[PDB]
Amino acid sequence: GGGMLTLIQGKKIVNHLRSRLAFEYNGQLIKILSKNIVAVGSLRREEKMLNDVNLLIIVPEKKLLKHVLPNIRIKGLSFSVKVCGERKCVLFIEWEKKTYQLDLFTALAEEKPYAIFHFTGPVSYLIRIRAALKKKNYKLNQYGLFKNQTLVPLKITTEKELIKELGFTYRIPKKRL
């Protein structure tokens, strides 16, 4: 049971974790770089109160997926692993005498803008936008845009470019509903 947090506390936790994440790769500790850690979920949406903390980790190679989350390490911080696979890992962390939920997710570099778009939410916004695309025989997820189960090769790198390419109005995370 993870406790509720203020936005401020959430950001403090992210900043702390940003330089302390690593994973064991066949007996070798590999540091995750700050530039490959993206705060997502309600924190990215700037919500005053948070039910947990959510981080998206950008993994440079498909081969590393079997190693990153299943061998996650956080320097100095007390935590326990509840459910964990290659794409989603739920941790319960200790922060200043209180327990909080920390969700970790992984995206490959080529999935990044789709992952950020997905994990930013909110859920109601995703459902709406995915419903509209579904009516045109598209399927959008955290990995790509598909039509008839085939990847649509969009020439984009950022979340804003993706949203514009999908034909939707760009709004900052704070203002997506």
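From 1 onward, residues are counted along the sequence shown.
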Which is higher on average in the deposited entry, the C-alpha temperature factors of 21-29 or of 161-169? 161-169
Can you let me know which of the two, 67-75 or 95-103, has the higher average C-alpha B-factor in the entry? 95-103
Pick out which of 142, 120, 149, 34 has the highest C-alpha B-factor in the PDB entry. 149
If you compare 45, 128, 48, 112, which has the highest Cα B-factor in the entry? 128
Name the third of the chain's ranked CA B-factors that contains residue 132, choosing lowest, middle or highest. highest
By the recorded C-alpha temperature factor, relative to the other modelled residues in its chain, which third is residue 155 in? highest
